[PDB]
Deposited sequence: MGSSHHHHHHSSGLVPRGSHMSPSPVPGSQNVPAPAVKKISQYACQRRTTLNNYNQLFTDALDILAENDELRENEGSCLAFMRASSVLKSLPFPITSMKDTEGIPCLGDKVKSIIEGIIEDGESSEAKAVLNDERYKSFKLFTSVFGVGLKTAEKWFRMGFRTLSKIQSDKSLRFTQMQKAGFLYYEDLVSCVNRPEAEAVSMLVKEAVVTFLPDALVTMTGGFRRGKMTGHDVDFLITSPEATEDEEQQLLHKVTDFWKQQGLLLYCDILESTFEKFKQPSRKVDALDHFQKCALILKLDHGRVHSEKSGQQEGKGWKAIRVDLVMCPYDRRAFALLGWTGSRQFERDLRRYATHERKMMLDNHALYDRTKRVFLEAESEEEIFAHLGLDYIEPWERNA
């Protein structure tokens, strides 16, 4: 007969071939509105419903189709019913016409602007980016200044040839200071995505000392600053503790990507958002798993570990509360096995 679809993204295979985009585009909009209205509960319920539909191997064409699918309560089934009716969501249409929603989308599209700043600007009466940028009283963070200066490039999204060009630059800068270092692209591109808002990398070295591990991101970014390629840089020192804003040493960057490096109407360069993460060699599988994503896959991995296995998972470790021991892993497959989960390939984590 059939198998039961789990409520956990970590127990589903989600590939990029989405047969239910009509439903998930509507659910993504309704979730985003609840995120903006700080209704965390309703937001998460629409995110989970969107996630589960993305895992289906077929399109929903009737309400009978939704039987046995978890994460679809009465409210969500009303939304699906409405889309089956006319091909549109009246609920999502009303959100798209809402002035608070339109302003939040527009303002947060700027690097450096999140929910609090977007809400502040809206309550001040600002509706356009032109009126924000030209205001003489407003004060902008260094992140927002970079967000406005490179807006058109950052708003456009990175493609695979650009991501590969960035990978080459990262690898050649990293091996200059740590020749045995392992550089892995993570993030959407590792999950098989054609585009992304940024390019993320995990860096680890089997030999390097603590001090060498600490200095790598500083050495690599100076090197780029010397070449005039570092457009923005923010290095966060590690808040990870060997024995919970807890993270590995990382940096949020904007790099100048010369067009010649990508395999010229305007300047032969594009501003690219790049994130680098340095982790100790023994925690490389936990970091890789945390940074591969998707965000929904990571949420559910942690939720499943806690509620179903009485385990605690994060980007640095896996702890078993019953056995009172930290579980160690040399690969992602070993983490899945510790959790009692079937291995989900990176391209199947697009939840």
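Could you please spell out the deposited residue ranges that have no C-alpha entry in the coordinates? Since the structure holds only modelled residues, the stretches it omits are 1-35, 279-285, 287, 307-312.
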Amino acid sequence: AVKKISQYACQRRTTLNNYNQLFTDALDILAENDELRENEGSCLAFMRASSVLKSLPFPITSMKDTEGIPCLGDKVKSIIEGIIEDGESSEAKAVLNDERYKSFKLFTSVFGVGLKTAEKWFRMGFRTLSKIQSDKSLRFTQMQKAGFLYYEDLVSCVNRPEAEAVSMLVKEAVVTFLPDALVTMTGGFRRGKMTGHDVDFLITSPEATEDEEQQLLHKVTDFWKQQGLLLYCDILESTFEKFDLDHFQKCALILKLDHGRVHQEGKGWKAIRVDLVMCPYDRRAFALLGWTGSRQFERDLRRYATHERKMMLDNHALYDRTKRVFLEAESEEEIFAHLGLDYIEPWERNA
From here on, numbers count along this sequence of modelled residues.
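Determine, for stretches 155-163 and 214-222, which one has the higher mean CA B-factor as deposited. Mean CA B-factor is higher for 214-222.
Comparing 229-237 with 113-121, which has the greater mean CA B-factor as deposited? Per the deposited B-factors, the answer is 229-237.
For the listed 105, 191, 267, 273, which has the peak Cα B-factor recorded in the PDB entry? So the option with the highest C-alpha B-factor is 267.
Maximum C-alpha temperature factor, selected from 79, 277, 185, 255: Largest recorded C-alpha B-factor: 255.
Relative to the other modelled residues of the same chain, rank the CA B-factor of residue 4 and answer lowest, middle or highest third. For residue 4, whose C-alpha B-factor we compare with every modelled residue in the chain, the answer is the middle third.
In terms of the chain's CA B-factor thirds, is residue 200 lowest, middle or highest? It belongs to the lowest third of the chain when residues are ordered by C-alpha B-factor.
Using only modelled residues of the chain, where does the Cα B factor of residue 83 rank: lowest third, middle third or highest third? Its C-alpha B-factor, which the entry lists for residue 83, ranks in the middle third among residues of this chain.
What third of the chain, by the recorded C-alpha B-factor, contains residue 132? As the PDB entry reports it, the C-alpha B-factor of residue 132 lands in the highest third of its chain.
Compared with the other modelled residues in the chain, in which third is the CA B-factor of residue 92? Its C-alpha B-factor, which the entry lists for residue 92, ranks in the middle third among residues of this chain.
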